[PDB]
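Engineer: Can you read through this structure? Questions will come right after.
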Number of protein chains: 2
Amino acid sequence: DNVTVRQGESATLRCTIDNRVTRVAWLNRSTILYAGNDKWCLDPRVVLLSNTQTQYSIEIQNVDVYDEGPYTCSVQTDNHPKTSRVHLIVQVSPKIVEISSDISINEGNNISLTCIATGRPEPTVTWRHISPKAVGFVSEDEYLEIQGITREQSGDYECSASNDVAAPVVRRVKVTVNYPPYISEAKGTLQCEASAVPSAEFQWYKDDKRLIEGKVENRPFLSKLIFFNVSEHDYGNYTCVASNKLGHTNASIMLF
Amino acid sequence: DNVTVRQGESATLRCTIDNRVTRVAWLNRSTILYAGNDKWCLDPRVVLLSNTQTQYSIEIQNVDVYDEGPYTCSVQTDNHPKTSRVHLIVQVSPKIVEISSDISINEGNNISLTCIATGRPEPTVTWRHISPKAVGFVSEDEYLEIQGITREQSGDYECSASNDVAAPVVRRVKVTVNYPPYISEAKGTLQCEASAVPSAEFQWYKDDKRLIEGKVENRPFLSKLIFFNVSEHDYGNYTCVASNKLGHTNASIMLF
Ligand SMILES: *[C@@H]1O[C@H](CO)[C@@H](O[C@@H]2O[C@H](CO)[C@@H](O[C@@H]3O[C@H](CO)[C@@H](O)[C@H](O)[C@@H]3O)[C@H](O)[C@H]2NC(C)=O)[C@H](O)[C@H]1NC(C)=O
Ligand SMILES: *[C@@H]1O[C@H](CO)[C@@H](O[C@@H]2O[C@H](CO)[C@@H](O[C@@H]3O[C@H](CO)[C@@H](O)[C@H](O)[C@@H]3O)[C@H](O)[C@H]2NC(C)=O)[C@H](O)[C@H]1NC(C)=O
Ligand SMILES: [Cl-]
Ligand SMILES: [Cl-]
Ligand SMILES: [Cl-]
Ligand SMILES: [Cl-]
Ligand SMILES: [Cl-]
Ligand SMILES: [Cl-]
Ligand SMILES: [Cl-]
Ligand SMILES: [Cl-]
Ligand SMILES: [Cl-]
Ligand SMILES: [Cl-]
Ligand SMILES: [Cl-]
Ligand SMILES: [Cl-]
Ligand SMILES: [Cl-]
Ligand SMILES: [Cl-]
Ligand SMILES: [Cl-]
Ligand SMILES: [Cl-]
């Protein structure tokens with residue numbers, strides 16, 4: 001009375017008959033598939049497997065989703081019309097179709113992500129935070145909304161669509177939270193270290209001079225000011241400056 | 001005067017001579033490699049490439065690290081002994097040999113991880129936290145030590161050894177920070193949700209009954225108590241209990 005296949009597989013529909021039966025046919029909601037051994041429908045996927053005195057069965061190959069529905073087996077038995085039906089159920093692997101693109105905001109702003117997934121049954125969609133601190137799910141919905149976002153809430157967020165039709169599927173969104181720089185380290189060959197998003201752009205100063213080379217070894221988070229010791233103007237109070245889209249800060253360093 | 005090869009490659013040592021030269025030889029710190037065309041050493045890796053009036057060169061195949069050192073070319077020129085030397089330098093890809101195994105402590109305890117890496121030059125070793133909040137490195141040393149560890153400090157820590165000899169190499173340690181459960185959600189079919197490390201073990205109660213089935217749908221972080229509505233003893237004050245190695249907590253839930 002129920003038969004379930006996955007999209008693309010073949011569905012075999014069976015009907016039990018006996019020696020009281022004089023006519024038999026399969027129908028797809030008034031579209032004749034088979035009347036006896038005669039194929040009425042033009043659907044090339046539909047074939048006949050058996051027509052004995054006990055069983056009358058067909059097969060729908062390469063099953064689609066439109067095929068889902070009731071299929072009717074009509075007979076003429078003892079001059080009594082009789083009807084037996086089967087319900088073809090079609091399943092589809094879950095898939096994420098449209099998911100919010102990568103996003104970059106400033107600390108304190110809001111976000112709203114959407115993960116649109118399809119499948120049969122309609123899939124369960126959940127969001128998860130890719131972070132060591134995370135436990136369970138951030139959202140058990142097709143939506144994820146965060147207000148007053150903080151640096152610790154940045155990182156990847158993973159959508160996951162599931163309906164037990166074979167594998168569950170995922171697809172990630174990267175959330176970047178921007179914030180002005182702050183100094184991580186500063187001491188005196190001579191280096192300072194700053195953390196920022198976007199990455200810090202470093203610039204050194206001495207008595208407000210920019211100190212152009214020939215008259216620095218930089219990283220996205222670290223800047224070294226290197227020079228030979230015990231030399232001309234070997235004075236302290238160098239100022240490390242970390243610049244960024246959202247602001248700037250600094251710290252002064254001595255030598256001896 | 002200097003020649004550098006990677007371990008396993010071949011090192012070609014050259015010497016420039018002229019028509020004043022009457023003798024010539026290559027030596028490995030008093031071990032004769034070649035005297036003219038005569039191979040004295042038994043090392044099968046050492047071959048002769050040229051012996052013209054202008055150049056005298058050999059080749060050390062499948063170079064090892066013990067081979068590193070000075071190699072001497074002796075000659076007899078104008079009856080004057082002359083000596084020219086070359087320094088073979090051997091490089092080795094960086095490798096992490098021993099790294100602290102995975103570790104699991106309680107929130108507030110200490111850890112100390114060590115990453116022992118080898119290579120030529122002796123590699124630069126750094127630690128990095130695999131977390132969205134991380135910027136730069138946790139430690140620029142072969143050691144990483146954390147006291148009063150917190151949940152947000154858990155997760156993977158990556159060692160990275162580098163010396164620019166081809167690829168840098170990494171190898172991770174997983175730090176798990178245990179903490180007693182706390183309730184994330186509780187409301188009323190009827191479910192509660194708790195976060196813990198190790199994962200929470202759930203148990204429901206009603207007027208101190210344990211409510212054995214036949215007389216619950218559980219997850220490592222979530223527990224559902226399911227039953228038909230509008231029925232016998234359809235009362236509230238169900239108590240969700242989250243148990244763990246390190247403690248336990250609970251919360252009560254109503255129905256209507
Ligand atoms: C059982 O009967 C139903 C209805 O009598 C059959 O359904 C029809 O199947 C076709 C193809 O499988 C569907 O067609 C297409 O239309 C869409 C636009 O809607 C178009 O984008 C496609 O390219 C294609 O042309 C049609 O919509 C669908 N109709 C209904 C009402 O579901 C079904 O195929 C029959 N089963 C078997 C096994 O023959
Ligand atoms: C240039 O001369 C030096 C020294 O005269 C040669 O060094 C020696 O090389 C051998 C093999 O390359 C080394 O041997 C081994 O000993 C270790 C234990 O230390 C053992 O575990 C190994 O299985 C192997 O038996 C030896 O230690 C090393 N000696 C020194 C002082 O470095 C070098 O090979 C010469 N170069 C060429 C190209 O012939
Ligand atoms: Cl997908
Ligand atoms: Cl922005
Ligand atoms: Cl993960
Ligand atoms: Cl992805
Ligand atoms: Cl960030
Ligand atoms: Cl910091
Ligand atoms: Cl950065
Ligand atoms: Cl910037
Ligand atoms: Cl390695
Ligand atoms: Cl423990
Ligand atoms: Cl990473
Ligand atoms: Cl690893
Ligand atoms: Cl943890
Ligand atoms: Cl929480
Ligand atoms: Cl858990
Ligand atoms: Cl436990």
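Labeling convention for the structure tokens: chains A, B, ... as they appear, residues from 1 per chain, ligands from 1 in order of appearance.
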Please identify every residue of chain A that has at least one atom no more than 9 Å from any atom of chain B, counting only C-alpha atoms, and report them as a PDB file with N, CA and C atoms, in the first residue's frame.
Structural biologist:
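The result, stored in iface.pdb:
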ATOM      1  N   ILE A 130      31.692  27.324  14.375  1.00  0.00           N
ATOM      2  CA  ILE A 130      32.971  26.617  14.301  1.00  0.00           C
ATOM      3  C   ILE A 130      33.912  27.332  15.267  1.00  0.00           C
ATOM      4  N   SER A 131      33.915  26.878  16.520  1.00  0.00           N
ATOM      5  CA  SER A 131      34.725  27.497  17.561  1.00  0.00           C
ATOM      6  C   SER A 131      34.915  26.494  18.684  1.00  0.00           C
ATOM      7  N   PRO A 132      36.059  26.522  19.374  1.00  0.00           N
ATOM      8  CA  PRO A 132      36.259  25.572  20.484  1.00  0.00           C
ATOM      9  C   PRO A 132      35.256  25.751  21.609  1.00  0.00           C
ATOM     10  N   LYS A 133      34.747  26.967  21.796  1.00  0.00           N
ATOM     11  CA  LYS A 133      33.797  27.274  22.856  1.00  0.00           C
ATOM     12  C   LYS A 133      32.382  26.809  22.547  1.00  0.00           C
ATOM     13  N   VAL A 135      29.013  24.693  21.792  1.00  0.00           N
ATOM     14  CA  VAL A 135      28.367  23.445  22.182  1.00  0.00           C
ATOM     15  C   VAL A 135      26.976  23.434  21.564  1.00  0.00           C
ATOM     16  N   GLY A 136      26.656  22.369  20.837  1.00  0.00           N
ATOM     17  CA  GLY A 136      25.351  22.296  20.199  1.00  0.00           C
ATOM     18  C   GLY A 136      25.251  23.256  19.030  1.00  0.00           C
ATOM     19  N   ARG A 151      33.778  40.091  18.928  1.00  0.00           N
ATOM     20  CA  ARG A 151      34.915  39.419  18.310  1.00  0.00           C
ATOM     21  C   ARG A 151      34.849  37.910  18.501  1.00  0.00           C
ATOM     22  N   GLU A 152      34.443  37.460  19.688  1.00  0.00           N
ATOM     23  CA  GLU A 152      34.380  36.028  19.955  1.00  0.00           C
ATOM     24  C   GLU A 152      33.261  35.333  19.191  1.00  0.00           C
ATOM     25  N   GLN A 153      32.330  36.082  18.604  1.00  0.00           N
ATOM     26  CA  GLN A 153      31.275  35.506  17.783  1.00  0.00           C
ATOM     27  C   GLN A 153      31.652  35.426  16.309  1.00  0.00           C
ATOM     28  N   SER A 154      32.816  35.944  15.927  1.00  0.00           N
ATOM     29  CA  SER A 154      33.267  35.843  14.549  1.00  0.00           C
ATOM     30  C   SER A 154      33.650  34.398  14.233  1.00  0.00           C
ATOM     31  N   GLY A 155      34.010  34.160  12.980  1.00  0.00           N
ATOM     32  CA  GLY A 155      34.410  32.846  12.523  1.00  0.00           C
ATOM     33  C   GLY A 155      33.375  32.232  11.599  1.00  0.00           C
ATOM     34  N   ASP A 156      33.608  30.965  11.269  1.00  0.00           N
ATOM     35  CA  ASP A 156      32.736  30.246  10.353  1.00  0.00           C
ATOM     36  C   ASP A 156      31.465  29.790  11.058  1.00  0.00           C
ATOM     37  N   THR A 176      33.276  37.849   9.483  1.00  0.00           N
ATOM     38  CA  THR A 176      34.427  38.611   9.946  1.00  0.00           C
ATOM     39  C   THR A 176      33.936  39.822  10.726  1.00  0.00           C
ATOM     40  N   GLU A 193      53.750  44.691  18.709  1.00  0.00           N
ATOM     41  CA  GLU A 193      52.817  43.698  18.190  1.00  0.00           C
ATOM     42  C   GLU A 193      51.395  44.156  18.468  1.00  0.00           C
ATOM     43  N   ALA A 194      50.552  44.124  17.436  1.00  0.00           N
ATOM     44  CA  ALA A 194      49.190  44.629  17.531  1.00  0.00           C
ATOM     45  C   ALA A 194      48.229  43.666  16.850  1.00  0.00           C
ATOM     46  N   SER A 195      46.991  43.651  17.339  1.00  0.00           N
ATOM     47  CA  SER A 195      45.933  42.800  16.813  1.00  0.00           C
ATOM     48  C   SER A 195      44.801  43.676  16.296  1.00  0.00           C
ATOM     49  N   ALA A 196      44.356  43.410  15.069  1.00  0.00           N
ATOM     50  CA  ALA A 196      43.308  44.219  14.466  1.00  0.00           C
ATOM     51  C   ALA A 196      42.642  43.444  13.339  1.00  0.00           C
ATOM     52  N   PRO A 220      51.697  41.209   9.291  1.00  0.00           N
ATOM     53  CA  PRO A 220      50.324  41.719   9.475  1.00  0.00           C
ATOM     54  C   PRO A 220      49.972  42.019  10.924  1.00  0.00           C
ATOM     55  N   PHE A 221      50.736  41.486  11.880  1.00  0.00           N
ATOM     56  CA  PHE A 221      50.466  41.675  13.295  1.00  0.00           C
ATOM     57  C   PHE A 221      51.693  42.101  14.087  1.00  0.00           C
ATOM     58  N   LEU A 222      52.848  42.252  13.442  1.00  0.00           N
ATOM     59  CA  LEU A 222      54.115  42.400  14.143  1.00  0.00           C
ATOM     60  C   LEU A 222      55.043  43.275  13.317  1.00  0.00           C
TER      61      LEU A 222
END
Engineer: As a list in words, please: every protein or nucleic acid residue near ligand 4 (cut-off 9 Å, counting only C-alpha atoms and all ligand atoms).
Structural biologist: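 What falls inside 9 Å of ligand 4 is residues 103, 104, 105, 106, 176, 177, 178 and 245 of chain A.
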Engineer: Extract, using only C-alpha atoms, all DNA, RNA and protein residues at most 8 Å from residue 14 in chain A, discarding same-chain residues fewer than 5 positions from it, and format them as a PyMOL selection string.
Structural biologist: chain A and resi 55-58
Engineer: Within 12 Å of ligand 6, counting only C-alpha atoms and all ligand atoms: which residues, as a PyMOL selection string?
Structural biologist: chain A and resi 96-102+115+156-160+169-174
Engineer: List as a list in words the protein and nucleic acid residues near residue 88 in chain B, meaning an atom at most 10 Å away when only C-alpha atoms are counted, but skip any in the same chain fewer than 3 places from it.
Structural biologist: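 The neighbour list is residues 1, 2, 3, 4, 5, 11, 12, 13, 63, 65, 67, 68, 69, 70, 71 and 85 of chain B.
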Engineer: Can I get the selection written as a PDB file, in the first residue's frame, with C-alpha atoms?
Structural biologist:
ATOM      1  CA  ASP B   1      84.160  29.290  -0.894  1.00  0.00           C
ATOM      2  CA  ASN B   2      80.686  28.187   0.213  1.00  0.00           C
ATOM      3  CA  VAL B   3      78.352  25.586  -1.298  1.00  0.00           C
ATOM      4  CA  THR B   4      74.949  24.636   0.124  1.00  0.00           C
ATOM      5  CA  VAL B   5      72.868  21.564  -0.728  1.00  0.00           C
ATOM      6  CA  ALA B  11      77.373  18.724  -3.912  1.00  0.00           C
ATOM      7  CA  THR B  12      79.881  19.674  -6.618  1.00  0.00           C
ATOM      8  CA  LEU B  13      83.173  21.107  -5.345  1.00  0.00           C
ATOM      9  CA  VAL B  63      74.968  14.351   0.656  1.00  0.00           C
ATOM     10  CA  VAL B  65      74.985  16.029   7.329  1.00  0.00           C
ATOM     11  CA  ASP B  67      79.627  15.612   5.220  1.00  0.00           C
ATOM     12  CA  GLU B  68      79.132  19.210   6.380  1.00  0.00           C
ATOM     13  CA  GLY B  69      82.434  20.974   6.937  1.00  0.00           C
ATOM     14  CA  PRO B  70      85.525  22.298   5.165  1.00  0.00           C
ATOM     15  CA  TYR B  71      86.958  20.531   2.129  1.00  0.00           C
ATOM     16  CA  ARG B  85      89.164  25.541   0.760  1.00  0.00           C
TER      17      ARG B  85
END
Engineer: Compile the contact shell of residue 113 in chain A as a PyMOL selection string: residues with an atom at most 7 Å away, counting only C-alpha atoms, same-chain residues fewer than 4 positions apart removed.
Structural biologist: chain A and resi 100+143-145
Engineer: Compile the contact shell of residue 27 in chain A as a ChimeraX atom specification: residues with an atom at most 8 Å away, counting only C-alpha atoms, same-chain residues fewer than 5 positions apart removed.
Structural biologist: /A:32-34,71-74
